[PDB]
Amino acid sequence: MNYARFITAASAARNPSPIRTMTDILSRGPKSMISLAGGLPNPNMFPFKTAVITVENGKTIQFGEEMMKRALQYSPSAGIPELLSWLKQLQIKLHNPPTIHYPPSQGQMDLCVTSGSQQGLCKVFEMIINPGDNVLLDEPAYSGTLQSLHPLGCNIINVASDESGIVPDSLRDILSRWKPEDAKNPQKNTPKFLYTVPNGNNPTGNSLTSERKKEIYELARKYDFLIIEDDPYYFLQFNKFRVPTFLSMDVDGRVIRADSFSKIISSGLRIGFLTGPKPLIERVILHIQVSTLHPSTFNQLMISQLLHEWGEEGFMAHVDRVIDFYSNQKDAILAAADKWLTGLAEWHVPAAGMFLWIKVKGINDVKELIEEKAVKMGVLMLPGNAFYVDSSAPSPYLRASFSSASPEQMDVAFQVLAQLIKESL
């Protein structure tokens, strides 16, 4: 409601730059118009002329001469129109956000293509956080979010989590050190936002429930903080009945949602998307505008034409197939764990994503066992340390990835590991 409180002096001073009133009155003017006003270079000097791109499970993609020229040219900051229209329509279909037909000053839903979903996150973090500000998340927390929040100098307050994600009473009893009304008052510092990964958390594999999601939201107006919903494994959930998202229940316009194509379409293409209240998305767009300018027009055209040829039908069917492959690799890594981990380790089953989070028994830090002993045996896994704010504390946990290894490779891995644990007890 008071969007000015979630926007820095730096971000607030952004004015609309580039690629301006040029491809604009000449996008609504007569064909006779002549413009010498734009800042675009001649695309005919570019060496690549056509593209053909083969697709498994939908039809091949062709960039003719005219196309290619457009694929190689600058495009709008927030994305190409056809992919913006497709995504927006996708959110409505998927999340039906209460917010789609609010007035803009009031948090009308807006969306922008970013260069990966982590670019719009970083841009959100940058737009919001002053030095000293308090922010809510749950540990263990993705190491990248930890390393992007660090220099912004916020105080990160840890919210207790378990097999089912943030624990509401922990949120509520953290929050009880303020009155719901100091949110109206800048000086002693109510939390600016809560950040979470609701589905298959990196590194835990844990997801929030729908009952917990509504409690967290309630807490969210109550002390009037924003919810950053960083949701890159939303299309990667093992239950094929997906829980509603913070976006689906966002009646107030306090939720910015990051989606990722990286696990389902392409990591290397750098195309992800940001959903939120219109004037905050504006602040990230003014920033994109002086920065990357926009996501590669080539890679958007590819994805948009893939997506339009699929229908949200072929899209959704594509995700069920990739889901299936990730349950089957989950099955395998779990069976490996039961097989070799023994009353030696405890874990929960992953609900989404690609990570197993295993807590090693009566070993109080796992750096030496992995940095030293496992590597020498040809098996690598990831010490839990870097998934905490104080990463110097000992972690008895390992993250093991199941996205790629064959069941044999898991089997050998968990064999070698189980015995290095016992030779350490």
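By rigid core we mean the largest C-alpha set that fits within 1.5 Å across both forms. For every residue, the number given is its place in the sequence shown, counted from 1.
Taking the rigid core as the alignment reference, the C-alpha atoms of 55 to 63 lie farther on average from the displayed form in 5 other deposited structures of this protein than those of the other stretch among 55 to 63 and 386 to 394. Averaged as a root mean square over residues and superposed structures in 5 other deposited structures of this protein, CA distances to the shown form are larger in 180 to 188; the pair compared was 325 to 333 and 180 to 188 with a core fit. Per-stretch averaging of Cα B factors for 66 to 74 and 30 to 38 places 30 to 38 on top.
Remark: stretch with higher mean C-alpha B factor among 231 to 239 and 157 to 165 is 157 to 165. Highest CA B-factor among the listed residues (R270, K93, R283, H294): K93. Comparing C-alpha B-factors across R257, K263, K179, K123 in the deposited entry, the largest value falls on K179. Among the modelled residues of its chain, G58 has a C-alpha B-factor that falls in the highest third according to the deposited record. Among the modelled residues of the chain, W340 sits in the lowest third by CA temperature factor in this PDB entry. Sort the chain's modelled residues by C-alpha temperature factor and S11 lands in the lowest third, per the entry. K184: CA B factor in the highest third of modelled residues in this chain (values from the PDB entry). Among all modelled residues in this chain, the alpha-carbon of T190 has a temperature factor (C-alpha) in the middle third.
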